[PDB]
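A.B. asks: Shown below is the structure under consideration.
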Amino acid sequence: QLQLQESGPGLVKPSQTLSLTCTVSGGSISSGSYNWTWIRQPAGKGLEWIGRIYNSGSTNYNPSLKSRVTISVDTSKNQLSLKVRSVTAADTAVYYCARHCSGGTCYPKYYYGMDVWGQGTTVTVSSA
Amino acid sequence: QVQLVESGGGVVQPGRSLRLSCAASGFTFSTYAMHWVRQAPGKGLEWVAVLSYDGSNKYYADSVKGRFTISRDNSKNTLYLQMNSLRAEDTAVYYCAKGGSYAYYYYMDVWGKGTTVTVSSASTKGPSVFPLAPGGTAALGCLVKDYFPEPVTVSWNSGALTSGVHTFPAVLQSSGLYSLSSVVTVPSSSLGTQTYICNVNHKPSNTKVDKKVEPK
Amino acid sequence: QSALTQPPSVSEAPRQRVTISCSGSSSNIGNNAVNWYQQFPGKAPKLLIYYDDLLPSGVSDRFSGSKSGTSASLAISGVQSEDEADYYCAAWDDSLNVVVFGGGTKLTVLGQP
Amino acid sequence: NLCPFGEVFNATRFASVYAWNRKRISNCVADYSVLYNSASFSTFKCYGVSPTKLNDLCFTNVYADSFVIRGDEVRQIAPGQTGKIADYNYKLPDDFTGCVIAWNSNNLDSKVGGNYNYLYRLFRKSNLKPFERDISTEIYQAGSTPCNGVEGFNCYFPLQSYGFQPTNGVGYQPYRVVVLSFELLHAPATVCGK
Amino acid sequence: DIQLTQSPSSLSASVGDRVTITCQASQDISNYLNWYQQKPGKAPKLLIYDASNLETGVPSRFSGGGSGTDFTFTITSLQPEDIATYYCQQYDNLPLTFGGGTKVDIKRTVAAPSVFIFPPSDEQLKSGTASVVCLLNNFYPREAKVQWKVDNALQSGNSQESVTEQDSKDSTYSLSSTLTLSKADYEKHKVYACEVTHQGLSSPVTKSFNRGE
Ligand SMILES: *[C@@H]1O[C@H](CO)[C@@H](O[C@@H]2O[C@H](CO)[C@@H](O[C@@H]3O[C@H](CO[C@H]4O[C@H](CO)[C@@H](O)[C@H](O[C@H]5O[C@H](CO)[C@@H](O)[C@H](O)[C@@H]5O)[C@@H]4O)[C@@H](O)[C@H](O[C@H]4O[C@H](CO)[C@@H](O)[C@H](O)[C@@H]4O)[C@@H]3O)[C@H](O)[C@H]2NC(C)=O)[C@H](O)[C@H]1NC(C)=O
Ligand SMILES: *[C@@H]1O[C@H](CO)[C@@H](O)[C@H](O)[C@H]1NC(C)=O
């Protein structure tokens with residue numbers, strides 16, 4: 001019963017900041033050997049890896065998007081959030097959150113695999 | 001007929017270094033793995049080190065770790081063992097051994113004849129040969145004293161007298177030199193009409209002594 | 001980005017065998033594990049093959065992964081109507097410092113009425 | 001006199017591939033004709049030698065390596081192969097001279113709840129050299145911070161078990177492998193064929 | 001590391017008897033057990049490989065068995081040319097480790113030593129050293145005790161001894177005991193004697209000489 005619940009505004013206004021949430025239910029977010037990543041997918045095109053977060057805050061982002069993205073973890077609220085600043089029409093995609101296992105304290109021990117995904121929230125970047 | 005010819009064995013003072021060499025023949029030396037095994041005087045067998053087919057991976061024993069180094073030169077088909085800072089515990093007969101196919105360091109299919117390494121502060125000396133002069137049967141012999149290093153070989157009457165010959169293993173005296181005795185029992189009747197000479201041969205110092213043992 | 005390259009679509013008859021290839025370079029497939037995901041219309045991707053050729057519990061053993069050099073492949077022996085989806089290969093690229101996904105391959109079983 | 005090939009193929013228990021077992025075959029007449037006719041083998045690939053012209057070839061020593069892997073991995077027991085078995089468990093050199101023999105052992109090495117006795121190596125700092133055996137169970141450190149004998153972040157356990165359930169597909173069912181390798185030195189030949 | 005324990009350390013048996021020695025491993029080593037025979041002076045000769053199998057040429061009198069942790073080495077009919085130390089050696093892992101060894105004797109009817117005493121040669125006394133030698137010729141069993149006496153004074157710390165290998169033809173041993181004095185101390189005392197106690201002698205045998213005659 002490891003489930004991830006995504007929430008966010010469906011429409012974001014250009015040049016402003018996009019903010020999503022990925023609340024973890026049925027377990028704890030800071031448990032196994034997991035890299036909590038973000039992935040977006042433009043409708044009809046392929047998947048794009050945004051970044052990740054591990055340990056107690058450290059992060060590594062995609063260089064094409066590194067300066068505009070922020071990935072935090074609120075352990076008390078048991079959720080991770082995504083911040084995308086100064087958005088454009090090219091940022092319109094279906095955004096997922098998933099967990100990536102990288103260790104021996106993962107259950108199940110699916111090494112290097114993106115274990116559990118979120119349902120996906122659709123973000124449309126347009127002022128109208 | 002796999003051939004393993006050791007060399008580089010001899011005297012060495014404590015704290016000094018020595019380099020042994022094994023010259024393999026009769027098999028593709030480059031593919032197989034190579035071993036070094038020693039056996040100290042009066043002791044049992046002790047595995048020293050092993051190397052892989054390419055020389056990349058080496059494994060030693062705690063008794064020699066950080067003090068020995070094993071290497072190889074597949075072009076010259078020779079195996080090396082650099083022995084640095086040798087102690088008296090290292091005095092042994094060292095053998096090289098063919099290992100497994102490549103990185104299979106679990107076989108010791110063939111052993112060399114072995115070279116002997118002597119860790120002592122003494123110098124190579126020839127032996128002094130003294131007569132042990134001579135019941136129904138009598139005993140006589142030769143005292144082969146104060147030589148270094150091992151070994152000596154003793155025969156009687158240039159090989160004619162073999163029955164009743166007992167050449168004892170050598171003892172290491174506190175001075176660092178070896179002492180040995182070889183005796184033979186003979187009937188008393190022949191003591192006055194048969195001469196007995198012991199043939200002591202000490203290759204390390206190139207000494208050959210024939211000593212005539214007489215009654216007094 | 002488009003480092004991993006997959007054919008856009010592959011189609012075969014029911015109860016046949018289909019191979020979805022994934023071409024990359026030594027910085028991704030050559031020196032990193034390859035993961036496969038299955039994505040049905042309107043849903044999130046599902047982990048199908050992890051660490052080159054390992055199968056999770058609940059995924060049909062008709063699926064199998066393989067990897068040689070800078071290329072990976074996903075095999076679905078016994079194509080079924082249940083198997084129509086998009087399949088992505090994934091791997092971490094050491095040059096890009098990024099989890100790279102393929103363009104995806106859409107499997108359409110052919111014997112459909 | 002007659003080579004003990006029965007003790008290798010018909011052995012009651014086989015070993016895990018990470019701790020594959022070698023038997024030394026020496027000083028016996030090696031009858032390879034049975035294996036030739038036997039239809040119980042799924043793989044009988046020889047490298048450097050032919051199975052037919054084997055009953056007139058003397059060897060100084062023969063070695064038999066045996067282990068258990070799954071079908072999709074039998075292809076890796078060959079020179080020039082890569083994968084988890086070839087890189088971390090059992091590697092054959094490019095100049096390997098011998099035969100690789102395999103057969104499906106699903107009726108023996110599968111329990112309904114899954115046979116977990118057979119292991120295989122999953123992580124290693126480097127590839128295995130040819131004919132190398134690694135049986136260490138040290139915690140594989142994959143990252144910066146070290147591991148202290150416990151699994152954790154970038155800290156894995158090198159050995160993993162197979163499933164081996166009777167319902168699995170052929171490619172996931174257990175297979176028993178016998179790798180006969182022949183060595184020829186400039187030495188008298190003790191293992192001859194007949 | 002893997003430790004091997006051989007039992008017994010040494011044994012004596014009659015010709016034709018069945019000899020069986022054991023080798024126990026500290027952990028499972030499958031069947032990676034080797035048995036070596038080593039005659040003194042010579043290099044080890046491998047007789048048994050992979051716990052059970054016979055090396056090329058080795059006679060059928062030798063056999064081996066076992067797997068896991070407990071292994072055995074058996075000579076069905078012991079022969080005089082089997083006098084050696086037998087080692088077991090595992091090759092399951094590095095480091096390769098050997099057993100303690102089992103020395104094998106040949107049970108023989110008790111024979112008392114023949115004791116001879118030798119004065120130092122006049123050639124040696126010229127060099128400033130005196131060596132007295134006591135010979136114990138052809139005896140069994142190997143246990144023997146030699147005590148030196150210099151003017152009724154028991155000597156200790158100034159002698160060394162050496163023993164021959166068991167003769168393959170008469171199954172007896174021979175021992176050489178050497179008392180080494182300086183020439184000065186040799187000329188201060190007159191009576192030199194070695195006392196031999198042995199199972200074959202119902203009382204100690206003394207061989208002596210008076211320095212001069
Ligand atoms: C989740 O997210 C985290 C964080 O983003 C990811 O963690 C990172 O993973 C990468 C790749 O898996 C790691 O990079 C590797 O790390 C080591 C660096 O270790 C160095 O320091 C060690 C001691 O501090 C030392 O032991 C290392 O090796 C020594 O010994 C070996 C053999 O004994 C010898 O070969 C070395 O030369 C050293 O002597 C090393 O010094 C590194 O070994 C990796 O290999 C690189 O380097 C070699 C050349 O040395 C090169 O040939 C390789 O191709 C490779 O480029 C590599 O750098 C990184 O450390 C991790 N970082 C953190 C913070 O965890 C994780 O992967 C993510 N998981 C998933 C599933 O997404
Ligand atoms: C194994 O047993 C079968 C009989 O079931 C026999 O035919 C075969 O020869 C045996 N194996 C060997 C190597 O002889």
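Please read every residue number as a count from 1 along the shown chain.
Cβ atoms are placed via backbone N, Cα and C, with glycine included.
For reference, Swiss-Prot lists these features for the protein:
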type	residues	note
DISULFID	D:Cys3-D:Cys28	disulfide bond
DISULFID	D:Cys46-D:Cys99	disulfide bond
DISULFID	D:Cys58-D:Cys192	disulfide bond
DISULFID	D:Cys147-D:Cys155	disulfide bond
CARBOHYD	D:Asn10	N-linked glycosylation site
REGION	D:104-175	region 'Receptor-binding motif'
REGION	D:115-123	region 'Immunodominant HLA epitope recognized by the CD8+'
REGION	D:122-157	region 'Disordered'
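Distances, neighbours, how buried they are, the whole picture for these features please.
C.D. replies: In the three-state DSSP reading, D:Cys28 (disulfide bond) counts as strand. There are 16 other Cβ atoms within 10 Å of the Cβ belonging to D:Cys28 (disulfide bond).
For D:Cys99 (disulfide bond), the same-chain residues 6+ apart in sequence whose C-beta sits under 8 angstroms from its C-beta are D:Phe44, D:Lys45, D:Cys46, D:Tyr47, D:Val49, D:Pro51, D:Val179, D:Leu180.
Spatially close to D:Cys58 (disulfide bond) yet at least six residues away along the chain are D:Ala189, D:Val191, D:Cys192, D:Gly193, judged by Cβ distances under 8 angstroms.
Neighbour density for D:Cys155 (disulfide bond): within 10 A of its CB lie 22 other CB atoms from the protein chains shown.
For D:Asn10 (N-linked glycosylation site), other Cβ atoms within 10 Å of its Cβ number 7.
Secondary structure of the region 'Immunodominant HLA epitope recognized by the CD8+' (D:115-123) per DSSP (helix as H, G, I; strand as E, B; remaining residues coil): 0 helix, 3 strand, 6 coil.
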A.B. asks: Around the Cβ of D:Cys192 (disulfide bond), how many other Cβ atoms lie within 10 Å? Please give the count over every shown protein chain.
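C.D. replies: Other Cβ atoms found within 10 Å: 15.
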A.B. asks: Near D:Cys3 (disulfide bond), which residues of its chain come within a Cβ-Cβ distance under 8 Å, counting only those 6 or more away in sequence?
C.D. replies: D:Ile25, D:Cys28, D:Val29, D:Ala30, D:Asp31, D:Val62, D:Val191
A.B. asks: So which of these disulfide-bonded residues, D:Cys28, D:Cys58, D:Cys99, D:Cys155, D:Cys192, get their C-beta under 8 angstroms from chain A?
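C.D. replies: Among the disulfide-bonded residues D:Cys28, D:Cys58, D:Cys99, D:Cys155, D:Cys192, the ones whose Cβ sits under 8 Å from a Cβ of chain A are D:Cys155.
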A.B. asks: Applying a 10 Å Cβ distance cut-off over all chains shown, what neighbour count does D:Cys46 (disulfide bond) have?
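C.D. replies: Taking every protein chain into account, the count is 17.
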A.B. asks: Measure from the CA atom of D:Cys155 (disulfide bond) to the CA atom of D:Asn10 (N-linked glycosylation site) and give the result in Å, rounded to a whole number.
C.D. replies: 39
A.B. asks: So, by DSSP, how many helix, strand and coil residues make up the region 'Receptor-binding motif' (D:104-175)?
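C.D. replies: Across the region 'Receptor-binding motif' (D:104-175), the residues distribute as 3 helix, 15 strand, 54 coil.
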